[PDB]
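Remarks on the structure that follows.
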Amino acid sequence: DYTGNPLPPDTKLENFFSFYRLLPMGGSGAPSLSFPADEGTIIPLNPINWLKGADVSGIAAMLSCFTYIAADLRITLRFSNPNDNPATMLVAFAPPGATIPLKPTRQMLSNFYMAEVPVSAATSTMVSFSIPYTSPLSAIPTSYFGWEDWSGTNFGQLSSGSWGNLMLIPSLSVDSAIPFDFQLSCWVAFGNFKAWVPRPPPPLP
Amino acid sequence: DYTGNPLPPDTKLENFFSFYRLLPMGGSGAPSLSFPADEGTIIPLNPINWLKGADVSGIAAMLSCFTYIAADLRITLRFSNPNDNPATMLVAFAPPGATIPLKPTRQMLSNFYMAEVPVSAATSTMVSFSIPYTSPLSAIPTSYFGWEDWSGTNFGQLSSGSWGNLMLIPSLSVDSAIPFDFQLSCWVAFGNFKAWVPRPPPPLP
Amino acid sequence: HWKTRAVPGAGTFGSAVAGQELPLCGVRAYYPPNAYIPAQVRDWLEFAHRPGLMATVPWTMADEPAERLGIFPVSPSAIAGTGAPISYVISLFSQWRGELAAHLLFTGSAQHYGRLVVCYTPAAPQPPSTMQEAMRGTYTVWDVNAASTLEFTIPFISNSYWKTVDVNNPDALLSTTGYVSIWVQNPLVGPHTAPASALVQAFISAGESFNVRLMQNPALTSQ
Amino acid sequence: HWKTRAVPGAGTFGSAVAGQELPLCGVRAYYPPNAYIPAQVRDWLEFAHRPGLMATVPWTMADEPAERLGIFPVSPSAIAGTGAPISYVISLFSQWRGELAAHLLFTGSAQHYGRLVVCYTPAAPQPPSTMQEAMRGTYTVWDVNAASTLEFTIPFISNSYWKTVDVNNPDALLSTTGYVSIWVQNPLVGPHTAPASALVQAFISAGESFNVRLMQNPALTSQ
Amino acid sequence: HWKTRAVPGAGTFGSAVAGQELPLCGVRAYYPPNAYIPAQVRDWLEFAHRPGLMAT
Amino acid sequence: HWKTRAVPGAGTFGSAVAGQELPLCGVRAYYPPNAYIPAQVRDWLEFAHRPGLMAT
Amino acid sequence: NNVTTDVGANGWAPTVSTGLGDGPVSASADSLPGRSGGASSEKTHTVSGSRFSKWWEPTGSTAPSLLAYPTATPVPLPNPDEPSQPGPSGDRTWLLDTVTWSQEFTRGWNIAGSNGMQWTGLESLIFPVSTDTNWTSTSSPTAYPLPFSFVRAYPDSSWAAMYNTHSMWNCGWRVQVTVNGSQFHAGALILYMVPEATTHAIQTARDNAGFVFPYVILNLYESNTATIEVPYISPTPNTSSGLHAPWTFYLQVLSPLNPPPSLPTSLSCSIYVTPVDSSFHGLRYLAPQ
Amino acid sequence: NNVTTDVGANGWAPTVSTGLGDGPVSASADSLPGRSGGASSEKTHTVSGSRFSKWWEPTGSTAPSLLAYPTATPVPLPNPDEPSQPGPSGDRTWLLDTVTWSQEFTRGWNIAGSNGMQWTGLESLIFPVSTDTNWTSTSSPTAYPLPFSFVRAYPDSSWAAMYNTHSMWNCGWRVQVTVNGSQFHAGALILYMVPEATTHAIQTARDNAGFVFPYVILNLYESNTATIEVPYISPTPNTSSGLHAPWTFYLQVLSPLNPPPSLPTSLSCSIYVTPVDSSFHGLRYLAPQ
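Here the protein sequences come in this chain order: X, D, G, F, R, E, V and B.
Each residue of the first sequence is one higher than the one before, starting from 31 at the first, in the deposited numbering.
Each residue of the second sequence is one higher than the one before, starting from 31 at the first, in the deposited numbering.
Each residue of the third sequence is one higher than the one before, starting from 1 at the first, in the deposited numbering.
Each residue of the fourth sequence is one higher than the one before, starting from 1 at the first, in the deposited numbering.
Each residue of the fifth sequence is one higher than the one before, starting from 1 at the first, in the deposited numbering.
Each residue of the sixth sequence is one higher than the one before, starting from 1 at the first, in the deposited numbering.
Mapping of the seventh sequence onto the deposited numbering: residues 12 to 60, 67 to 75, 140 to 370, in sequence order.
Mapping of the eighth sequence onto the deposited numbering: residues 12 to 60, 67 to 75, 140 to 370, in sequence order.
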């Protein structure tokens with residue numbers, strides 16, 4: 031038998047990381063990212079890029095307690111629309127290791143695994159996505175001591191060590207006279223979360 | 031046994047062509063086609079018409095790697111509505127070999143297998159369709175060395191070698207003073223995709 | 001067709017809700033072999049079981065008997081801000097229970113002798129003021145010249161089954177279990193030309209019955 | 001009636017999502033018999049197994065020993081832009097693995113004699129500069145007067161299980177496997193009034209373990 | 001409650017699509033006997049089998 | 001996909017209707033032992049069985 | 012997995028196509044009775060095994146020399162008439178053309194002689210194909226469209242006799258070329274069989290990826306001849322006479338002719354054509370190509 | 012319960028991934044054939060046990146001295162070549178460096194000598210790592226990056242010989258330090274093995290939570306030496322030579338040296354390094370670090 035008292039969950043990394051948490055936007059670890067309606071944006075799904083980036087409570091701070099991780103990414107995007115007309119967002123999945131186009135066009139993004147999200151007027155619309163572990167590495171490292179390329183130009187990075195890149199293109203049926211920018215918010219969760227080589231927790235006040 | 035390592039998919043033409051890709055609009059292989067709200071348009075489901083038409087990455091370019099193909103067509107249409115009032119689109123399926131009417135009317139298109147799509151105001155609406163292999167030929171050729179008719183007027187074409195033609199008629203309940211045009215975007219996928227007689231891939235830069 | 005009706009809360013995103021995601025990758029992925037990587041962690045309590053320094057308590061030959069060298073309450077004001085790995089796991093969650101394992105490592109000389117009494121007193125309105133008052137609780141008189149480290153167990157002599165991790169109300173009935181303090185029992189002695197002082201490194205980690213539940217925003221807005 | 005609630009992402013079109021289509025043709029179709037048509041292809045790797053010319057390397061009687069006749073890196077900058085059928089299959093996808101089969105067809109005369117050493121060196125910061133430096137890797141000294149074609153296997157001596165097909169970063173650790181080069185071992189010789197030059201046609205195709213996965217936009221935006 | 005999501009093409013009327021109709025008559029109807037009526041046709045090809053003048 | 005149609009009364013809140021709630025707590029909770037507490041009431045009629053002064 | 016899409020799978024009876032839910036509709040194989048044809052080599056055509070009531074009634142080349150594709154399986158034909166076969170008088174190796182191969186020709190230069198046709202895909206073919214303007218051009222011819230070039234070369238053969246008398250035909254094709262060079266000669270030719278030759282298909286056959294098509298190389302280092310055979314192909318089980326060229330032959334240069342000094346700067350080539358297993362359906366009046 | 016989310020669970024065949032409903036997609040374990048490597052100590056690499070048709074074919142320290150982590154299980158390698166092993170000439174205990182430990186050093190002071198490198202994570206490493214500016218700094222060095230420091234210390238060893246000749250390597254590491262103090266000396270050093278040392282990781286190793294990393298304490302109260310060993314780690318089964326440091330050694334001060342009066346104010350330390358079970362794959366020309 032057990033008896034048992036079956037040790038409550040919440041202690042298990044498979045359960046703890048299944049819940050959604052606000053992803054810090056690349057750069058300063060900002061809670062939101064603003065991009066124009068003309069070109070769109072490309073948001074990398076790379077841990078190292080998320081932990082630029084020593085935060086405090088940010089999900090990044092929790093992931094920085096492990097050296098290597100391997101899980102199936104769950105991502106929820108929010109597109110805040112400022113103007114008074116409805117729009118449509120084209121979200122395409124570039125696999126980790128794929129060539130990212132310089133000018134994202136509707137035709138080229140259609141060759142990847144894409145989704146066409148209707149966005150409502152004067153409000154934000156939410157949509158959830160599921161991506162399996164597609165990285166060519168055995169485990170995605172959060173920290174890396176070395177160079178990405180043999181020439182040694184990029185230090186402490188592995189572009190392929192990620193779930194890939196998400197390419198966004200806004201679409202409008204009406205023509206606006208003033209160019210406006212969308213606001214983007216991201217949530218991330220993990221399925222079948224596996225972690226290797228623990229690291230010390232980040233400091234606090 | 032196998033062991034196995036069951037060779038990943040993505041290599042199989044049955045799986046590769048099941049995904050949707052942006053169909054080039056007849057003429058120049060444009061990503062979109064503009065048609066007036068007064069008469070509508072007729073979009074042929076003919077490979078040869080899609081590969082006018084040596085493109086680069088276009089789904090047409092992928093289909094040009096096979097001489098003969100036979101599959102069940104999946105098509106998704108997008109009707110971009112510019113004006114501020116809602117509308118309704120009448121999409122009817124003309125079978126391959128059928129007589130296409132000169133003036134598409136609501137009464138005549140109702141005798142074919144049709145669908146009545148509600149279109150929203152100031153935005154685009156999407157709708158997906160499934161058509162089985164209805165061609166009278168054994169396999170639809172992407173390239174053809176000969177004449178369609180015994181008189182020898184049309185060279186390198188087979189109108190029946192296709193999934194047919196889709197006839198579109200816009201409908202409005204309100205009366206607009208200015209005649210406006212709809213924008214059309216198409217995606218295509220294939221079920222039970224079978225290909226015969228491989229052809230060399232198209233060139234690139 | 002089926003008939004349906006929407007309940008209140010349509011289009012609402014939940015962190016705890018399952019089955020919201022739609023597939024953004026078509027093909028079945030195969031992750032490369034990763035069995036060569038050792039040190040695979042699966043639980044947050046394993047971090048808590050690792051040692052973690054909390055206080056560097058000094059001890060000189062000039063210190064007389066009944067001299068207090070350190071004291072801390074067993075409340076989220078202290079146990080959640082020591083800097084040890086266990087303190088980080090506690091701050092992540094809202095409730096804790098079970099025993100806490102304290103390890104006092106004597107980093108003095110092999111010629112030094114003496115005793116330090118480590119006392120654990122359960123919850124009370126006022127902390128212990130003198131050594132003998134602190135020795136009325138669960139204590140252990142530790143002779144430093146034996147094994148390097150002292151294995152002091154902090155028992156979970158608690159009012160309820162769980163203790164709350166609220167930094168705003170640390171002295172609550174359902175929050176603190178009491179105080180743990182270090183007093184000089186026998187003065188530090190040693191031969192001449194030996195060091196006149198000896199540091200004692202105080203570590204803290206989770207006992208075998210230590211648990212935590214109900215996750216909260218980390219970092220904390222503290223103060 | 002059933003009660004329901006919409007998750008985020010209503011009315012969204014997915015290329016990888018199934019069950020979106022509605023029937024636009026009422027009757028059950030019957031396709032005419034097509035078993036008379038031969039050469040039925042079912043896999044993209046079958047294209048990669050077909051031969052494909054990559055480089056027309058010339059070779060004259062004036063060429064001395066240790067003379068380089070050609071060299072190319074085994075990276076998406078070269079292997080994806082040769083013009084061979086395999087290069088098109090590689091550019092469609094983002095990752096590749098397995099052996100690559102090289103075939104050097106000697107289209108010279110039946111009176112010509114000589115040797116060309118074909119070297120494969122794994123990944124390194126700098127490519128091989130001399131013949132002997134290139135011969136420190138996996139090589140084969142090929143006598144041209146035997147069978148017409150040389151069957152040189154390019155082994156997958158790789159760091160990871162998969163190599164990325166990114167034309168922007170070809171020299172990455174997870175992208176290139178190394179270099180393959182042709183050097184003049186023994187000078188081309190033959191009787192007088194024989195041709196003073198002889199062309200060697202270099203073909204490339206997929207080995208029996210060659211695979212590719214994760215589809216990407218074809219054409220590429222390159223440069 | 002069940003969770004749901006609408007695919008593209010909501011509220012679209014199809015001539016070939018089944019299960020669109022809702023009942024506009026409550027009670028179960030019983031049609032009067034019609035076995036006395038001869039010459040029951042079931043196929044369009046039966047019309048084609050009947051003779052038809054084309055040229056005099 | 002399933003086909004559906006909404007009956008009159010969509011988005012209506014009912015005190016007697018079940019299955020309206022969505023989970024606002026992710027983890028499975030375990031309540032502390034409460035068998036030590038006596039005088040457990042389960043019915044409103046037990047209150048009615050207790051005495052009650054009405055007129056002096 | 013079973014990708015995230017739905018190829019079929021299919022359905023029936025009311026599984027994947029009911030009044031409650033739908034998946035993508037799929038077409039089934041049509042099981043027909045009739046005479047077994049379509050696939051050449053394996054003809055053996057024989058008999059096979067109304068169904069409604071009426072209202073009024075109660140590595141590679143130039144290794145060996147085998148078929149470019151393996152022969153496929155026969156199918157039941159829609160027409161009931163018995164075919165006419167030319168036999169050994171028709172199915173035989175004919176001298177298609179004799180052409181010169183000079184050293185001036187570079188990589189991807191299509192070679193053809195008097196019986197050949199200039200066909201790069203851009204030429205405006207005046208109907209019918211027997212018009213002289215199609216075969217006589219300002220520049221040198223390039224292709225050998227089958228059977229157009231074969232019927233023009235021998236208009237009095239038993240094969241061409243039935244070809245001009247039947248509306249449809251069905252046969253495979255075998256092409257061989259003999260080029261004799263001394264042991265001091267060097268160079269390589271490629272014998273291409275291009276299906277449904279059009280502008281883009283013919284230009285890609287000149288390029289590096291052309292080896293996807295059926296091919297054999299005639300390398301002067303070892304060979305003096307090279308043979309290639311292809312079974313029948315078409316969108317229909319029988320090809321319309323005078324209006325469709327399923328296969329086209331292309332003899333192009335891989336490595337330019339490299340002759341020894343003080344010898345001729347060109348070698349002669351002899352192109353042969355062989356129809357394999359010929360049948361003709363639908364006999365009527367004489368209508369040439 | 013089974014939390015309210017869905018970790019997997021997974022699906023198949025058409026259960027958790029059909030055209031009627033979806034849950035989150037999950038990746039499966041790739042079952043590969045090959046040579047058993049990756050996991051050090053348990054190498055024993057041996058042979059293991067196309068599959069599609071073609072169209073043209075028919140408590141803690143300083144208690145005992147054991148490995149910081151237990152050794153993991155081997156995995157099939159992607160490369161087919163047989164490895165080269167240095168054996169006892171390579172896998173041995175080398176004198177890495179000799180460094181001084183003075184009493185002036187405070188809590189969390191990283192100690193390193195001539196063979197060590199200044200690495201706090203903020204130093205701009207000029208590629209390649211063998212550049213002298215990386216090892217010579219204005220301040221005292223702090224870390225011992227493996228194998229960079231080991232190969233630099235002994236560039237003529239059989240281990241470094243193969244290291245400069247193979248593109249990838251695989252081995253564990255064992256570090257030991259001997260510090261002799263009399264019974265009158267007091268103080269404690271910590272032997273840290275830091276995986277993937279970066280700016281934040283190295284500074285947290287100086288702090289209170291650093292004992293999450295592999296560690297052993299060299300307390301002068303009882304010990305004169307302390308040993309620590311770690312198995313191999315990396316994102317790939319084999320580490321790229323000259324471009325990746327999986328482990329880095331840190332000898333920092335817990336309790337400052339407290340020497341008896343009238344004696345020297347510093348003690349000498351001797352740092353040893355031991356590669357455990359070494360294999361090298363992909364032989365080619367000499368490319369040093």
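Yeah, the Cβ is synthetic: ideal placement off N, Cα and C, and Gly gets one too.
Quiz item: Under 8 Å between C-beta atoms, does residue 5 of chain G make it to chain B?
Solution: Numbered from 1 along the third sequence, position 5 holds the residue referred to as residue 5 of chain G. No, residue 5 of chain G lies away from the interface with chain B (no Cβ there is under 8 Å from its Cβ).
Self-check item: Exposure label - residue 37 of chain E; buried when at least 16 CB within 10 Å
Solution: The residue you call residue 37 of chain E lines up with position 37 of the sixth sequence. Per the 10 Å Cβ criterion, exposed.
Quiz prompt | residue 237 of chain V classed as buried or exposed, judged by whether at least 16 other C-beta atoms fall within 10 angstroms | solution = Translated into the one-based positions of the seventh sequence, residue 237 of chain V becomes position 156. Burial check for residue 237 of chain V: the Cβ neighbour count within 10 Å stays below 16, so the residue is exposed.
Quiz prompt | Within chain E, partners of residue 19 of chain F - CB distance below 7 Å | solution = One-based indexing of the fourth sequence puts residue 19 of chain F at position 19. Residues of chain E with a Cβ closer than 7 Å to the Cβ of residue 19 of chain F are, in chain order, 1.
Quiz item: Does the region 246-259 of chain B come close enough to the region 70-90 of chain G that 3 or more CB-CB pairs lie under 8 Å?
Solution: In short, these stretches do not touch, since the Cβ pair count stays below three.
Self-check item: Residues of its chain near residue 228 of chain D, where Cβ-Cβ distance is below 8 Å and the 5 sequence neighbours each way are ignored
Solution: In the second sequence, residue 228 of chain D corresponds to position 198, counting from 1. Non-local C-beta neighbours of residue 228 of chain D in its own chain, meaning closer than 8 Å and more than five positions away in sequence, comprise 95, 96 and 97, ordered along the chain.
Self-check item: Sequence-distant residues of the same chain with beta carbon closer than 8 Å to residue 199 of chain G, five excluded per side
Solution: Counting from one through the third sequence, the residue named residue 199 of chain G turns up at place 199. Excluding residues within five positions, the ones whose Cβ falls inside 8 Å are 56, 57, 58, 59, 107 and 108.
Quiz prompt | At least three beta-carbon pairs within less than 8 Å, the region 225-233 of chain V to the region 188-205 of chain V | solution = Cβ pair count under 8 Å is three or more, so yes.
Self-check item: Rounded straight-line distance, which links the Cα of residue 169 of chain B to that of residue 143 of chain V
Solution: Position 62 of the seventh sequence, counted from the start, is the residue given in the question as residue 143 of chain V. Position 88 of the eighth sequence, counted from the start, is the residue given in the question as residue 169 of chain B. The C-alpha of residue 169 of chain B is placed about 53 Å away from the C-alpha of residue 143 of chain V.
Quiz item: Would you say residue 153 of chain D faces chain R, with C-beta separation under 8 Å as the test?
Solution: For the purposes of this step, residue 153 of chain D is taken as residue 123 along the second sequence, with counting starting at 1. Interface annotation, residue 153 of chain D: not in contact with chain R, CB-CB separation never under 8 Å.
Exercise. Take residue 245 of chain V as the anchor and find which of V/161, V/324, V/254 and V/33 has the nearest alpha-carbon.
Key: Looking up residue 245 of chain V in the seventh sequence gives position 164. Ranked by Cα distance from residue 245 of chain V, the first of V/161, V/324, V/254 and V/33 is V/324.
Exercise. Taking only beta-carbon positions, decide if residue 224 of chain B is within less than 8 Å of chain F.
Key: As a position in the eighth sequence, residue 224 of chain B is number 143, starting the count at 1. False, the Cβ-Cβ gap to chain F never drops below 8 Å.
Quiz item: In chain order, which continuous runs of the beta strand (DSSP E) of length 3 or greater are located wholly inside the region 181-266 of chain V?
Solution: Listed in chain order, the beta strand (DSSP E) runs fully inside the region 181-266 of chain V are 225-227 and 247-259, counting runs of at least 3 residues.
Self-check item: For residue 211 of chain G, the first and last residue of its enclosing beta strand (DSSP E)
Solution: The residue given as residue 211 of chain G occupies position 211 in the third sequence. That run of the beta strand (DSSP E) goes 211-215.
Quiz item: Applying the criterion that 16 or more other CB atoms from any shown protein chain within 10 Å of the CB defines a buried residue, is residue 48 of chain R buried or exposed?
Solution: The residue given as residue 48 of chain R occupies position 48 in the fifth sequence. In the assembly as shown, residue 48 of chain R is an exposed residue. Its beta-carbon has fewer than 16 other beta-carbons within 10 Å.
Quiz item: If you draw a straight line from the C-alpha of residue 118 of chain X to the C-alpha of residue 152 of chain D, how long is it?
Solution: Within the first sequence, the letter at position 88 stands for residue 118 of chain X. Within the second sequence, the letter at position 122 stands for residue 152 of chain D. Rounded to whole angstroms, residue 118 of chain X to residue 152 of chain D spans 11 Å at the Cα level.
Quiz item: Do residue 50 of chain G and residue 205 of chain G have their C-beta atoms closer together than 8 Å?
Solution: One-based indexing of the third sequence puts residue 50 of chain G at position 50. One-based indexing of the third sequence puts residue 205 of chain G at position 205. Against a cut-off of 8 Å, the Cβ pair of residue 205 of chain G and residue 50 of chain G comes out as a contact.
Self-check item: Residues that residue 160 of chain D bridges to, as DSSP identifies them
Solution: Counted from its first residue, the second sequence places residue 160 of chain D at position 130. Partner(s): D/104 and F/23.
Practice problem: Along the alpha helix (DSSP H) that carries residue 223 of chain G, what are the first and last residues, could you check? | Solution: In the third sequence, the residue the question calls residue 223 of chain G occupies position 223. From DSSP, residue 223 of chain G is part of no alpha helix (DSSP H); its letter is neither H nor E.
Exercise. Mind listing the chain D neighbours of residue 40 of chain F? Cutoff is C-beta to C-beta under 8 Å, in chain order.
Key: Taking the fourth sequence and counting its residues from 1, the one referred to as residue 40 of chain F is at position 40. Within chain D, the residues near residue 40 of chain F are 224, 225 and 226.
Self-check item: C-beta contact flag for residue 213 of chain F and residue 161 of chain F at 8 Å
Solution: Position 213 of the fourth sequence holds residue 213 of chain F. Position 161 of the fourth sequence holds residue 161 of chain F. At the C-beta level, residue 213 of chain F and residue 161 of chain F stay beyond 8 Å of one another.
Quiz item: Relative to the alpha-carbon of residue 147 of chain V, which residue among V/265, V/257 and V/239 has its alpha-carbon at the smallest distance?
Solution: Numbered from 1 along the seventh sequence, position 66 holds the residue referred to as residue 147 of chain V. The shortest C-alpha to C-alpha distance from residue 147 of chain V to any of V/265, V/257 and V/239 is the one to V/257.
Practice problem: Identify, in the order they occur along the chain, each residue of the same chain with its Cβ nearer than 8 Å to the Cβ of residue 196 of chain F, setting aside the five sequence neighbours on each side. | Solution: Your numbering for residue 196 of chain F matches position 196 in the fourth sequence. Excluding residues within five positions, the ones whose Cβ falls inside 8 Å are 60, 61 and 62.
Quiz item: Where does the unbroken alpha helix (DSSP H) through residue 45 of chain D begin, and where does it stop?
Solution: Locating residue 45 of chain D in the second sequence gives position 15, counting from the first residue. In the DSSP assignment, residue 45 of chain D falls within the unbroken alpha helix (DSSP H) covering 43-46.
Quiz item: Ordered along the chain, which non-local residues of its own chain (more than five positions away) have a Cβ less than 7 Å from that of residue 173 of chain X?
Solution: Along the first sequence, one-based indexing puts residue 173 of chain X at 143. Taking C-beta separations shorter than 7 Å and ignoring five residues to either side along the sequence, the partners of residue 173 of chain X in its chain run 97, following chain order.
Quiz item: With 16 as the cutoff for other CB atoms within 10 Å, does residue 142 of chain F come out buried or exposed?
Solution: Numbered from its first residue, the fourth sequence carries residue 142 of chain F at position 142. Buried.
Quiz item: Taking any Cβ of chain V, which residues in the region 18-49 of chain B have a Cβ under 9 Å from it, in chain order?
Solution: Flagged, chain order: 22, 23, 24, 25, 28, 29, 30, 31, 33, 36 and 39.
Self-check item: Burial state of residue 25 of chain F, where buried means 16 or more other Cβ atoms lie within 10 Å
Solution: Within the fourth sequence, the letter at position 25 stands for residue 25 of chain F. Sixteen is the threshold: when 16 or more other Cβ atoms of the shown chains lie within 10 Å of the Cβ of residue 25 of chain F, as they do, the residue is buried.
Quiz prompt | Residues that DSSP places opposite residue 77 of chain G in a beta bridge | solution = The count along the third sequence starts at 1 and reaches residue 77 of chain G at position 77. Its beta-bridge partners do not exist; DSSP assigns none.
Quiz item: So, is residue 118 of chain F buried or exposed, given that buried needs 16 or more other C-beta atoms within 10 angstroms?
Solution: One-based indexing of the fourth sequence puts residue 118 of chain F at position 118. Under this definition residue 118 of chain F is a buried residue.
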